[PDB]
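Visitor: Structure provided below as C-alpha cells; questions to follow.
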Amino acid sequence: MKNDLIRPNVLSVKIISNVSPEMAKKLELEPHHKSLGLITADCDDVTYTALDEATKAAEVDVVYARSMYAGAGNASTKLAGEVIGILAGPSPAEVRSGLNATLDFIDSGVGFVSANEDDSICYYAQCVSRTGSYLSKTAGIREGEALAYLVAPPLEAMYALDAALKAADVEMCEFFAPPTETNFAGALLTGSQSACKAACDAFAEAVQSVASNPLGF
Amino acid sequence: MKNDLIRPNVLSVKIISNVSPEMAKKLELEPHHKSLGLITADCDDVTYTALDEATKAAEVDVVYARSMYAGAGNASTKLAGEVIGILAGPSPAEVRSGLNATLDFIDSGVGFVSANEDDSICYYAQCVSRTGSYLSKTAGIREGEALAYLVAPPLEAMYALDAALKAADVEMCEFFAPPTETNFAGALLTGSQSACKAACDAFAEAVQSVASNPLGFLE
Amino acid sequence: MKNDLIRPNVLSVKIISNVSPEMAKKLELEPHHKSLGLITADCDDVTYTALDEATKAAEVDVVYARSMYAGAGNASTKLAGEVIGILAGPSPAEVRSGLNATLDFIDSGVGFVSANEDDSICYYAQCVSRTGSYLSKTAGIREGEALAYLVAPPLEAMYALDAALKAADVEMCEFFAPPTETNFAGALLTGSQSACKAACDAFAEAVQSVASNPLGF
Ligand SMILES: [Cl-]
Ligand code: NA
C-alpha cells in the first residue's frame, strides 16, 4: 500500500582473505587492500548507501559497486539480486567490521517506499546526513557533508527531481540518467541537512503526485 | 497472428512549465527552452518516430530519449514501459502541442507488426517520408530527408537488414547493433522516398520468412 | 538438482549468400567471406564455446557474438534467446559446416551445471583443451592453447575466480566484470591443460560452497 516500506534483503556475503594479485589488478585495488568483502542484495541504492555508511567507522573502501540489468525481480539466479558491492580493507577482521556495519544499515528501516496501492510504483528518498568516503567521492563533495539520495522510475524521477530542486536550497552533484541498469533514475543532491531533507520530502510528494495522475494530460 | 498490429500504449505524460536551472543544464536545454514535456510508453521505436513527428508539428526539440533494459514486458514498475522521451520548447503551449502530436502519432496506426501465430516475433518497418529534427540528427542526414526505420529481434534483423540493403538503393545511416536495450536490432536507412519504402517492404518480408521457418535448413 | 547439466538449446539458424557490401563493411568481414551463418540460442557462454569449436572444424570466422540483456528467461521474443552469433565463410558450404559443428557442440552434453535443488544457481566451468580462433583471440593467446572458461553469478564468480587463481598455475586473460548482459561474471584463464583443469575444479567447488552457505562469513 501507499507509503509502505519495501524491505531490502541481503542475499549473499563472503570474505576473501589475501586476494590474488590478478584480481587485485582487475579490480584496481590499492596496495594496502589485502582482503575483500563481497555482498549482494535485492535493492541496489540501499546497498550503496549502506556500503558508504560502513566506510565511516572502519578502514574499508568501496572498490566495486554495480547494479544488475532489469532489477531484482528479473534476476535469473538466486543470489544475483540487483547489486554487487565489494569492500576492500587491510585485513579480514576490518573487512568483517565493515560488512557488519553494512548489514546493520540495510536492516535499519531504510528502504524504497511504495507510492500506490499495489506497490507498482516505488521510490527512494533518503537523507544521507553525513556521507562516508564512497558517496562523497561519487558526488564530488567532502566526506561528512550531506546528500539527498533520490531514486524513482524514469518519468517520475525527472519530474520529482525538478520539484526537489525548486523546493530546496540544493545543488545537483550526480545525475543517474534514465535508465540505470535497473531501469530507475535519480540524483545525488547536496546542501545542508535541512535542505537535503526538504528536497527528499518534495521528491517523495512529486513521485506520489505522478503515481496518482500518470496521464492527467 | 501474422500481420496483426501490436498496439503501442502511452503510460504517462507530464509537462514542466518552467524547468529548474539545474535540470536545464543536465538535460542540455537550449537557452530558449523554458518548458519540458515528458512521456513514457511501452514501445520505444514507435515513440521515437512519434517524437520526431512532434518536432515537425510544433516548435519543440527532442532533448532526451532512451530505451529500458529488457523491454516493457520486464518493467518492474507501472510507468517505466520501455522508453522515456523529453520534448523541450519555448513555452508550455508549444510543449503541449508537441505532446499532442506525439500522442496522435502513437495512436495513428503505426506500430510493430506480428510475424507469427502467437505474436512472439514482431518487427517495425516504418517509412518516414520526411524526417523531423530528431531522426535526421540520429541518422546524420538533413531534416526532411526520408528514412526506413527497421527493427526486429537480433537474428531476424541481421538477416532482413542485409536483404533490405540488397533490395533497394539505400544507405545505412545508423546501425542498431544487437542487442539494443530492449534486445532488438535494426537500422535507419536513407535514400529517396520510394527506395526507403522498397527497403521497408523487403525488410518486412525477410523477417516473415525467418519467422515462418526459424531453424532454416535444419527444417 | 545439484550437479544436473542445464540443457542449452538452439533457437534459430539462417544462411546468407553474397552478403551486402554495406553489411560486410559494418561486420568488418574478410574480403573473401561472401557468406554468413546466423545462430541464436538460449545459453550464451556455451554458444561462444561452440562457435569457437566451429572455427576448428570448418573454414569460418566468428564475426559477431553478443549476449542479450537479462538472459534467456527474460527474452521478449521467441528467437532472441540470450545470444546471437555470426559465422563468416567463403560460401554457404563452409558456413553450413560451421553451423552444424556449432549445433553439434551445443547438443554434445556441455552446459552450465546446477548448484542447488531447483537449479536457481548455476555455473560454467569448462576446460577448453584446444581453442579455436575466436576464444584464442578473445583471451589474447595463441590459437590452440588451453583455457578455463569460468562463469557464475556475480558474487559466486568473484569468490570462485579467486579460488581458481590460487589453486593452479594459470593467468587471467579476460575478465567478464559483473554484470555481463546476462548478469553473470567470470573469466578466461590460461595455462597448461592440467592447470586449466585444476582451475575449473577449484572454481566449481568454490561456487558450490557459496551456493551451500551464501550468508556465512
Ligand atoms: Cl538457412
Ligand atoms: Na522478467
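If you're wondering about the labels, chains in the C-alpha cells are A, B, ... by order shown, residues count from 1 in each chain, ligands from 1 in order shown.
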I need the contact residues of chain A against chain B, so if you could list those with any atom within 10 Å, counting only C-alpha atoms, and return them as a PyMOL selection string, that would help.

Guide: chain A and resi 69-74+118-122+152-156+158-159+161-166+170-175+177-184+210-211+213-217

Visitor: Would you give me, as a PyMOL selection string, the residues in chain B that DSSP reads as strand (DSSP E)?

Guide: chain B and resi 10-16+35-41+61-67+83-89+113-114+122-128+146-152+171-176+185-191

Visitor: Please write the residues from the selection above to a file, keeping C-alpha atoms, as a PDB file, in the first residue's frame.

Guide:
```pdb
ATOM      1  CA  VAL B  10       1.352   5.591 -23.607  1.00  0.00           C
ATOM      2  CA  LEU B  11       1.796   5.098 -19.863  1.00  0.00           C
ATOM      3  CA  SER B  12       2.499   8.593 -18.505  1.00  0.00           C
ATOM      4  CA  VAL B  13       2.769  12.195 -19.675  1.00  0.00           C
ATOM      5  CA  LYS B  14       3.737  15.350 -17.788  1.00  0.00           C
ATOM      6  CA  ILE B  15       4.582  18.987 -18.530  1.00  0.00           C
ATOM      7  CA  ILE B  16       7.080  21.065 -16.572  1.00  0.00           C
ATOM      8  CA  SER B  35       9.367  24.050 -20.736  1.00  0.00           C
ATOM      9  CA  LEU B  36       9.577  20.263 -20.909  1.00  0.00           C
ATOM     10  CA  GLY B  37       7.216  17.538 -21.941  1.00  0.00           C
ATOM     11  CA  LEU B  38       7.898  14.036 -20.556  1.00  0.00           C
ATOM     12  CA  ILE B  39       6.389  10.822 -21.958  1.00  0.00           C
ATOM     13  CA  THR B  40       6.758   7.105 -21.310  1.00  0.00           C
ATOM     14  CA  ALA B  41       5.311   4.255 -23.361  1.00  0.00           C
ATOM     15  CA  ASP B  61      13.133  19.664 -29.772  1.00  0.00           C
ATOM     16  CA  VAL B  62      13.747  16.096 -28.621  1.00  0.00           C
ATOM     17  CA  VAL B  63      16.258  16.605 -25.815  1.00  0.00           C
ATOM     18  CA  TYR B  64      16.219  13.123 -24.239  1.00  0.00           C
ATOM     19  CA  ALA B  65      15.114   9.711 -25.472  1.00  0.00           C
ATOM     20  CA  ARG B  66      16.249   6.331 -24.084  1.00  0.00           C
ATOM     21  CA  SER B  67      15.013   2.738 -24.021  1.00  0.00           C
ATOM     22  CA  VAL B  83      11.037   4.302 -23.299  1.00  0.00           C
ATOM     23  CA  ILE B  84      11.287   7.814 -21.886  1.00  0.00           C
ATOM     24  CA  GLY B  85      11.212  10.842 -24.149  1.00  0.00           C
ATOM     25  CA  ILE B  86      11.559  14.503 -23.319  1.00  0.00           C
ATOM     26  CA  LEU B  87      10.461  17.388 -25.531  1.00  0.00           C
ATOM     27  CA  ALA B  88      11.640  20.938 -24.807  1.00  0.00           C
ATOM     28  CA  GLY B  89      10.060  24.133 -26.115  1.00  0.00           C
ATOM     29  CA  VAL B 113       3.642  -5.985 -36.601  1.00  0.00           C
ATOM     30  CA  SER B 114       3.406  -9.648 -35.625  1.00  0.00           C
ATOM     31  CA  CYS B 122       7.397  -8.831 -34.203  1.00  0.00           C
ATOM     32  CA  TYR B 123       9.080  -6.128 -36.235  1.00  0.00           C
ATOM     33  CA  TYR B 124       8.912  -2.455 -37.187  1.00  0.00           C
ATOM     34  CA  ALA B 125       9.234  -1.419 -40.850  1.00  0.00           C
ATOM     35  CA  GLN B 126       8.203   2.249 -40.936  1.00  0.00           C
ATOM     36  CA  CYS B 127       8.855   4.584 -43.885  1.00  0.00           C
ATOM     37  CA  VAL B 128       9.421   8.153 -42.633  1.00  0.00           C
ATOM     38  CA  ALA B 146      13.416  10.127 -45.868  1.00  0.00           C
ATOM     39  CA  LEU B 147      14.218   7.088 -43.692  1.00  0.00           C
ATOM     40  CA  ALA B 148      13.440   3.400 -43.495  1.00  0.00           C
ATOM     41  CA  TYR B 149      13.176   2.650 -39.775  1.00  0.00           C
ATOM     42  CA  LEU B 150      13.750  -1.090 -39.459  1.00  0.00           C
ATOM     43  CA  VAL B 151      13.723  -3.034 -36.180  1.00  0.00           C
ATOM     44  CA  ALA B 152      13.376  -6.744 -35.414  1.00  0.00           C
ATOM     45  CA  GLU B 171      22.444   3.628 -47.470  1.00  0.00           C
ATOM     46  CA  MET B 172      22.866   2.565 -43.807  1.00  0.00           C
ATOM     47  CA  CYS B 173      22.870   5.716 -41.686  1.00  0.00           C
ATOM     48  CA  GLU B 174      22.641   4.293 -38.161  1.00  0.00           C
ATOM     49  CA  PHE B 175      23.076   0.631 -37.173  1.00  0.00           C
ATOM     50  CA  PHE B 176      21.287  -0.589 -34.063  1.00  0.00           C
ATOM     51  CA  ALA B 185      18.329  -4.686 -33.582  1.00  0.00           C
ATOM     52  CA  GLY B 186      17.922  -2.808 -36.811  1.00  0.00           C
ATOM     53  CA  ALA B 187      18.942   0.330 -38.660  1.00  0.00           C
ATOM     54  CA  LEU B 188      17.946   3.682 -40.082  1.00  0.00           C
ATOM     55  CA  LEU B 189      18.441   3.650 -43.847  1.00  0.00           C
ATOM     56  CA  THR B 190      18.167   6.644 -46.164  1.00  0.00           C
ATOM     57  CA  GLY B 191      17.573   7.219 -49.832  1.00  0.00           C
TER      58      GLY B 191
END
```

Visitor: Residues contacting ligand 1 - anything with an atom at most 12 Å away, using only C-alpha atoms and all ligand atoms - can you give me those as a PyMOL selection string?

Guide: (chain B and resi 155+159+209-210+213-219) or (chain C and resi 12-17+35-39+92-93+95-97+99-100)

Visitor: So that I can check the surroundings of residue 212 (chain B), please list as a ChimeraX atom specification every protein, DNA and RNA residue that reaches within 10 Å of it, counting only C-alpha atoms and ignoring chain neighbours fewer than 5 positions away.

Guide: /B:2,115-117,121,207

Visitor: Please produce a file of the residues just selected, as a JSON list (two decimals), in the first residue's frame, where the atoms kept are C-alpha atoms.

Guide:
```
[["chain", "number", "residue", "atom", "x", "y", "z"],
["B", 2, "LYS", "CA", 0.98, -12.75, -38.81],
["B", 115, "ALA", "CA", 5.27, -12.18, -37.75],
["B", 116, "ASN", "CA", 3.76, -15.44, -36.44],
["B", 117, "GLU", "CA", 0.72, -17.12, -34.96],
["B", 121, "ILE", "CA", 8.08, -12.45, -33.21],
["B", 207, "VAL", "CA", 11.62, -11.11, -41.18]]
```

Visitor: Where in region 19-212 of chain A does DSSP assign helix (DSSP H, G or I), given as number ranges by chain?

Guide: A: 21-26, 44-54, 72-74, 92-106, 133-139, 154-167, 193-212

Visitor: Rounded to one decimal, what separation in Å do you get between CA of residue 144 (chain A) and CA of residue 128 (chain A)?

Guide: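 Rounded to one decimal, the two atoms are 9.6 Å apart.
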
Visitor: For ligand 2, which residue among C:75, C:113, C:103, C:186 is the nearest when counting only C-alpha atoms and all ligand atoms?

Guide: C:75
